[PDB]
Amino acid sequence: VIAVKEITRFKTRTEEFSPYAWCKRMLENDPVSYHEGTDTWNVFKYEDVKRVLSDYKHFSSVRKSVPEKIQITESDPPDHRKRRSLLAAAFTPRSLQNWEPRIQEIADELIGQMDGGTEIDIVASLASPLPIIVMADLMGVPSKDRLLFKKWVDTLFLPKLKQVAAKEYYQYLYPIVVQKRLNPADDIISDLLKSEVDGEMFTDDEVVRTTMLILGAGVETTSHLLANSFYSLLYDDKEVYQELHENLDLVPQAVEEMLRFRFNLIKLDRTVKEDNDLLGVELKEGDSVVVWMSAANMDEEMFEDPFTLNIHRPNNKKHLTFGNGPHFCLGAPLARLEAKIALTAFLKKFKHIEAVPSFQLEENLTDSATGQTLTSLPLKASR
């Protein structure tokens, strides 16, 4: 995969975490931008990004070791639609409905273990554990084996140790999969075993591997959102916290704004499949495209005062952090839900938060698939 850093040439981790300067420059000076080093055409404007992602005919997701029945992301029509549906049966609204109380409890539990005398590391205490545990419980891992699950997860999805983890994971999970085919429950594994689209169904092996792709998709990213939300409430605009506390009805909207403004730096790759000029330039088959959804989320043509955090900007929900078109994130309702709940619960308990002057950002960022991610975020909370 094309690495962010090669295109960006950022001196600091902090700048990759808060790239507002660069995004403005690219949006205004070089919106459709060839990068020789990576031989990559780089797309920044909302309208263009939106249209590249929607126009799969011309911008294919087929890449330039995984049973293609479960290769959803790296597939075009007509295959993609069927591969998506087999999974989507495990993420119905009903299931989100059902999952809320379970997710509620997991959150309460974790907020419980935070007091507010000592400094809290939100990352270790909430950002990382919540989605992992939620997946664990939502899939069908029993409560006691959670720590073992985290262990395989951290190893596999937080950047030979993995070889081991995979196998333990696989042989831990395969039995359970086999068990649940026989004795269904209300969970993802069970949902996925009953999934049938145009006759096709999942093999047990495919269900197991599907759970790995799910975790692959939805732990790093949700966790990044969470850590980042908190970073924002500490550093970006300190009034927001107090605003949210007094009116919890606003937390969803604030989540969209963290998705818009604070999920840096996310991109996607496509490959040109049929020659075209949709970006006002002729691209040819095999040309690689990279769309910078973080930048598009800061395009003034779409969002007013885009370089300011504003949770009341009425169109924040139109951000492209979850992509756009056929591949639009299947787990967005879940990620949104987890964050709503995680944030509400914490707001409901603590009244104020505060930064810690020792803590330096540079020292607590590492490379992730979505540009710099927080290793720890220490704060102090009251109540």
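Start at 1 with the first residue shown and count on from there.
According to the entry, the stretch of the deposited sequence that connects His352 to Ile353 contains no residue lacking coordinates, so the chain runs unbroken between them.
Coordinates are given for every deposited residue between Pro142 and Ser143; the gap count there is zero. The mean C-alpha temperature factor is higher for 55-63 when 55-63 and 316-324 are set side by side. Looking at mean Cα B-factors across 111-119 and 68-76, the upper value is held by 111-119. Per the PDB entry, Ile103 shows the highest C-alpha temperature factor of the residues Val207, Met293, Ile103, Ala88. The entry assigns its greatest Cα B factor, within the set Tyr170, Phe303, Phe149, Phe202, to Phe149.
Sort the chain's modelled residues by C-alpha temperature factor and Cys329 lands in the lowest third, per the entry. When the modelled residues of the chain are ordered by their C-alpha B factor, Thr344 lands in the middle third. Annotation for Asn29: CA B-factor lies in the middle third of the chain's modelled residues. Per the deposited record, the Cα B-factor of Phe261 falls in the lowest third when ranked against the other modelled residues of its chain.
Ranked by C-alpha B-factor against the other modelled residues of its chain, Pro184 falls in the highest third.
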